[PDB]
């Protein structure tokens, strides 16, 4: 019977598909590790696939995965227990050290480029033709932390040029330097921008960009990591 052959064949196809798909999803993070970074004994029943190489645009090189995995940064945590499976306690300030929900990855220290090779993200001041077209323009609003104190003022929006969207608010602090706050972690209101994740005293600690007119993938990761981390680590100062 042709229908019996079809269904039988299809189940065999589906098993192969699932195998292919799971191994494709092992191109990052594998092989698995013990808590000390050495290779785990039990890798599971799916083997690592044959590497593939992505050719990056704009002369940025290639990525070959799977490849040798490495954090490329010190992880300031220590065991809280003598056996496997327990949490790992921060050895200093987890917001400063970039662990837990304050974590960041050592992404490449260049800015993301758009399809023509220009910086993807720019302050609106430097982005020709770009303006606020709907909603409350936050530029000029005081910025309030979860302690209900004013941490600074909004001095620009950093926009994603190709996707025509707001990505950060640049916020000036008491001392006249600025910080980027992710747009996804602020609430624009009629008379203020409110920042739930950070109390006002934690604004100075937000990691800085080294050049004031662009931001690198590394820098975005440290900024976004740091402000997300305040949900857990600035909870004592949130009324």
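Numbering follows the first chain given and starts at 1.
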Segment of higher mean CA temperature factor, 145-153 or 85-93: 145-153
When the C-alpha temperature factors are averaged for each of 230-238 and 4-12, which stretch ends up with the higher value in the entry? 230-238
Return the residue from 181, 65, 41, 26 that has the highest Cα B-factor in the entry. 41
Modelled-residue ranking by C-alpha temperature factor, third containing residue 164: middle
Among the modelled residues of its chain, does the C-alpha B-factor of residue 61 lie in the lowest, middle or highest third? middle
Residue 74 CA temperature factor, ranked by third within the chain: middle
Residue 53's Cα B-factor: lowest, middle or highest third of the chain? lowest
Within this chain's modelled residues, let me know which third the CA B factor of residue 108 belongs to: lowest, middle or highest. middle
